[PDB]
Amino acid sequence: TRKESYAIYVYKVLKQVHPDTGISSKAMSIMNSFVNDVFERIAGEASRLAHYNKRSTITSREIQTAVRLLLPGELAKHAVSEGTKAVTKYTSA
Amino acid sequence: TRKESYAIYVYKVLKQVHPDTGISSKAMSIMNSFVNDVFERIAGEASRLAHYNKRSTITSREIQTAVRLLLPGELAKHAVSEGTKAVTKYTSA
Amino acid sequence: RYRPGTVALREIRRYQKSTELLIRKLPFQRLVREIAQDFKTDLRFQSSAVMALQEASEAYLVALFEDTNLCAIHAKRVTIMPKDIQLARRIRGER
Amino acid sequence: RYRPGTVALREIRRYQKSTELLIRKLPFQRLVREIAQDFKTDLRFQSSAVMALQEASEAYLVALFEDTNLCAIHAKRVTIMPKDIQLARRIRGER
Amino acid sequence: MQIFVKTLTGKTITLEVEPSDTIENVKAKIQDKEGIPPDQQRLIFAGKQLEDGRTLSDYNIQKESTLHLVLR
Amino acid sequence: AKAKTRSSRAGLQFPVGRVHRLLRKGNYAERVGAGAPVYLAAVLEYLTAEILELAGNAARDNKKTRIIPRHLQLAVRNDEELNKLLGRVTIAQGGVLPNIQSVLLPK
Amino acid sequence: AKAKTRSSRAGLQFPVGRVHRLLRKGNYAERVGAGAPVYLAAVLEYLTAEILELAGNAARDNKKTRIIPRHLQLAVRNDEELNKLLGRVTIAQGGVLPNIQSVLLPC
Amino acid sequence: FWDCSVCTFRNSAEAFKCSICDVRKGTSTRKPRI
Amino acid sequence: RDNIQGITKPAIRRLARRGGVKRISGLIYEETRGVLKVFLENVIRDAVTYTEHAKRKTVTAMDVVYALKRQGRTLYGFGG
Amino acid sequence: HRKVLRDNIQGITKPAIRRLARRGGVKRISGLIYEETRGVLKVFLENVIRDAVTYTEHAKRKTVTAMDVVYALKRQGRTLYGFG
DNA sequence: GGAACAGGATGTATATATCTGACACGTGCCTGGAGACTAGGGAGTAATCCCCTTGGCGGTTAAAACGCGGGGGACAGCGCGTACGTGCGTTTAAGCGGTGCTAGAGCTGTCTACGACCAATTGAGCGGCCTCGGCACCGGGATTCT
DNA sequence: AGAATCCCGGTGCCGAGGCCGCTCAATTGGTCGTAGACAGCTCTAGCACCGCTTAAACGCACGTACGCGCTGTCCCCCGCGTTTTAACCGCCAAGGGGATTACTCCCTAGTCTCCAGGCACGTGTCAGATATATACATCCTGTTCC
Ligand SMILES: [Zn+2]
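Residues numbered from 1 in each chain as written, not as in the entry; some residues may be left out. Chains lettered and ligands numbered in written order. Heavy atoms only, no water. Residues with missing side-chain atoms left out of burial classes, pairs and counts.

Draft legend 1. Broad picture of the overall build of chain E. Summing up its helical and strand segments, chain E has one helix and four strands in all. Going residue by residue from the N terminus, the α and β elements of chain E occur as β-β-α-β-β. Here the C-alpha atoms of chain E give a radius of gyration of 11 Å, agreeing with the 11 Å that 2.2 N^0.38 yields for 72 residues. Principal-axis analysis of the C-alpha atoms places the extent of chain E at approximately 25 × 25 × 20 Å. Of the contacts formed within chain E by residues at least 6 apart in sequence, a portion of 64% connects residues at least 24 apart. (Helix = DSSP H or I, 4+ residues; strand = E, 2+ residues; numbered from the N terminus. Rg over C-alpha atoms; globule rule 2.2 N^0.38 Å. Contact = heavy atoms within 4.5 Å.)

Shown next, in the form of structure tokens:
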């Protein structure tokens, strides 16, 4: 069967940042687990926030309050910045 | 509008375990929050377990497994026995 | 005149047998508001909100003081000093 | 002949700079199977399962040892004892 | 003309110098009022490790300049 | 047909129907089995009865005939397994158990 | 109808479509809005970029070209904020940061 | 070159850790802290 | 301004006495002030962000106990 | 086919515990640290194994998996990376 | 001087009166829970491939075990002087009770864009192969630390 | 003097990354039901105010006891060498069950109708918070016999 992961995507990110740097299998699995765990925490937090505000839908606002909850300080600031610019680009497109 | 709680049920249980024992409103609110918290923990663990086993249903089996995972020792044992007796009595009707 | 420590133990007994709030609620509320302008200005706080705040604050501080007492007595002393404070916080993982 | 302490410090540096496993694989696997003998019977294990188990045990024991070293220096000592062990576990919240 | 030196813990020291004094003069003054010998001092201004034999006017150090001190 | 509640069918005092409603409408899973709410109501009832029984003994012990959060805190913290279950739980107006170190006592 | 991927539309290397599918089938909410997977993919891409950049810098400070778990642990434990995000984490073959209490070294 | 954030020394493009104060490189967006 | 100084030395003494401590050093009081300030900072930041997402201007006990539940320090008796 | 095996937790040996302390930054080790470490290590494994085998019996399997190990670890707040 | 004891002062449980505001009980109702029936997918059940796990054996050691010599660190007694408990008088403002305004939380009608479902598709992502370079391991200096 | 570790260069090997084949699921587009965005209205609890009383904090002194060196001791971990032992790697074989596919069946979401259980509301009444008085348990110092 097909087993999904983030291998290609994380590899594209690595090639974007450091062109000549390679990645090992164990570190690659750590990367996949990290992305999965952050996805789980963030999306679960968004789900709970939508539940508390009696909202049945998850939107960019819920995701943004979730990242502002979970990521501290500077990480939250720049994560909101990059996400907002990505959303504006997607809506313009 | 109505704001539901476990007040009547907790009062019934307290009266059935103690024919002559009153309760205060603050302690009642503590009891309601406790019941909600335990419900949240157990049901969230059961939903997680069903998700991880590629299962889309929560039944008595994953509820029992979540109970055994959460409750310690003979508390888990007694809770499991009570749940099994209740399920047997309900399905025997 | 009682020898030192006797009144301290009497205070320990009195406050362990009792559950009322040990923090002056008006100063605590003013402190909470002071912290509050740092995030959003002109906020309105529920009295129950500040009550739950001070309940949790008192519980966290009393647990921290219990752990500090354990640290100090492990250091074979009966007087706590703030080195026990950051030791307890580091051990707990809060810093 | 080296004075006691220098060899220990060199060992500390080497093991902090290294990342290999520190518990023998077969004894740890036999310990895991012995513990598993009580809950279920005729259990089988993936090799990665006991590997991840050993990783967890290594990390938890290293964190506990660091914590107890901090407790020991807090008590004006450089040698740890189970009093330090129990203090660290109690304040962490397992005892 | 005063200059300001920053340490690694955020403690700021004030020195009274002139542009004509050399870097070793600043190091000796730091040793005098703080006990930090010139061999322990590494001075950064405008992204440069100030060489001991040169003077302040070479590095264009003006009044109330921001100086970084590193000890090793 | 005559109405008969699922709690009565299971011999439970807890709201099996309400538990099922919170299960489906709380979006824990996209299908919920029929036996799942009964088991959950049973374990909730047992836990509530246990802690209330402990607090009832505490209330009777201090000759007070009404359960108070102080009794609730004594009940949970004097029980090892309930304390482990509620280690991270803070009780309002709960206080702390009377406990000082023996070496803390005067010599 | 020429198809352009949502990841290409948003300028993201992360799979917006796969994230949307996981959000739906992961039953976090009854329905999932359109902007949420895009925002989530951007956040994941940012965090991946940070971790990979720090790990690569750590590796190149060791004159090596492959990022390994030791490098990842060094990056995570050397960034204070990423450490706060990752406090309860155990990394396989992570090792520990080199640090010794100053009291243990002679003066 | 990149300038340091902690000690502000003119590190070369190949220096991924600072020469004297020994701090790692940060992003152009986020700079290191004390 | 500086209303953390309103958290009084007798209040810290009472809290320590409830904690079961006999002898209190001088630096304990403002050390406790500092740790209390940072703890309240974290809790208030989470609760105020909850109120922000709620499109509301009144911070409620519900939001604050939800922040407490997030921080691993869950509180009973105030709803939820 | 699998004979029971008693008296094996002495395989966590004194050099191994010493090496662990050396990694943890511990300077000097007393006599009872080995017995203390072995006991707490057994307790940690016992709690983990109980959770993991509960997962396994729920899955109607007989092979405890590295996945289930991470399952129980994340349940305990001890989440582990690189294993799935 | 050191151990034992009596008595005064203080703190506190115990014996009653009270008045009181929350607590438990009676009630309207309505909305959520229960009974009937459908259907369509989730899941139980049977058969199979073979992946991987268990068991074992032969060397080869790296590592564990044991014993010895000894210097270093835990521990106990000492002394001091400094910081903190204890008590008392004073000063501050916390808390109680009431009033008042209203900003804002909460409930309601609407209509609309926003997101689930379904059909066709095609390219992206995953499974498998091939190669070469990055790193493990090898050895000889050179430097550094004890 | 002697041991540990970095710097530099050779050799190998295996697995990381690039390339080919496939297939399935993400795109595109349309439809349609509805979640909520918004406007409107209501009332309530939250902020601000006042004054009074007294509980509690501030400040001061004073004794005192304990935190912090300082010392000496002693015994006990630590480093080192020898012995031994079982861990590890590579090889073997068996088969257990992990995982997969197909069939079917039955169980729960869903809809409709009905109906009564729990929630909002109201009110008497008693658990207890408070007050007063007291006898007993604690605590401490002054006095006395060895
Ligand atoms: Zn620098």
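Additional details are given in the paragraphs that follow.
Draft legend 2. Inspection of empty space enclosed by the protein at higher detail. Its boundaries defined by the atoms lining it, the largest cavity holds a volume of some 60 Å³. Surrounding the largest cavity, A:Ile30, A:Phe34, G:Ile51, G:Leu72, G:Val76, G:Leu86, G:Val89, G:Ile91 and J:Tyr81 form its lining. For the lining of the largest cavity, the secondary-structure elements that each account for two or more residues are α2 (25-52) of chain A together with α4 (69-78) of chain G. Tallied by class, residues from the lining of the largest cavity come to nine nonpolar, no polar and no charged. (1 Å grid on protein atoms, 1.4 Å probe; cavity = no way out; pocket = protein on both sides within 12 Å on 5 of 7 lines; lining within 4 Å. Points joined across faces, edges and corners; volume = space filled by probe spheres on them. Nonpolar A, V, L, I, M, F, W, Y, C, P; charged D, E, K, R; others polar.)

Draft legend 3. Structural context of the coordination of the zinc ion. Residues and elements named next belong to chain H. Here the zinc ion is held by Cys4 (SG), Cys7 (SG), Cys18 (SG) and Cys21 (SG), and the distances to it run 2.3 Å. Here the zinc ion binds four donor atoms, and the angle range of 105 to 114 degrees at the metal identifies the geometry as tetrahedral. When the donor residues of the zinc ion are listed from N- to C-terminus, their spacing reads C-x2-C-x10-C-x2-C. Within this pair, whereas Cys4 is found in the loop between β1 (2-3) and β2 (10-11), its partner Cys21 is found in the segment after β2, the two being separated by 17 residues in sequence. Residue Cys4 is classed as buried on the basis of its relative accessible area of 6%. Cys21 gets classed as buried once you look at its relative accessible area, which sits at 18%. (Donors = N, O, S within 2.8 Å, 3.2 Å for Na, K, Ca; no water. Tetrahedral: all angles 85-135°; square planar, octahedral: opposite > 155°, others 65-115°. Buried < 20%, exposed > 50% of the residue type's maximum accessible area, 1.4 Å probe, protein only.)

Draft legend 4. Summary view of the interface of chain D and chain G. Listed by partner, the interface residues are 14 residues for chain D and 15 residues for chain G. Of the roughly 1,100 Å² buried between chain D and chain G, counting both surfaces, carbon and sulfur atoms make up 64%. When residues of chain D are sorted by the area they lose upon contact with chain G, D:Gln16, D:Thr19 and D:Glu55 head the list and together hold 45% of the total. Our count for the chain D to chain G interface comes out at zero salt bridges. (Buried area = accessible area lost by both parts, 1.4 Å probe. Salt bridge = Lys/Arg side-chain N within 4 Å of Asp/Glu carboxyl O.)

Draft legend 5. Highlighting the pattern of salt bridges. Residue and element names in this part refer to chain J. Per the counting criterion, the structure on display carries 34 salt bridges over all chains. The closest approach of N and O atoms between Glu46 and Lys42, which form a salt bridge, is 2.7 Å. Of this pair, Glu46 and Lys42 both sit in helix α2 (residues 33-58), four residues apart, roughly one helical turn.

Draft legend 6. Structural detail: the sheet that holds strand β1 (residues 2-6) of chain E. Residues and elements named next belong to chain E. With mixed pairing, four strands are arranged side by side in an open sheet as β2-β1-β4-β3. Taken across any chain shown, the strands that pair with only one partner, and hence form the sheet edges, are β2 (12-16) and β3 (41-44). Strand-to-strand twist in this sheet, taken as the mean axis angle between neighbours without regard to direction, amounts to 35 degrees. Here β3 pairs with strand β4 (residues 66-71) via four bridges, running antiparallel. Residue pairing for β4: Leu43 is matched across the bridge by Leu69. (Pairing = 2+ DSSP bridges. Axes fitted to C-alpha atoms, helices over the stretch in contact; angles between N-to-C directions.)

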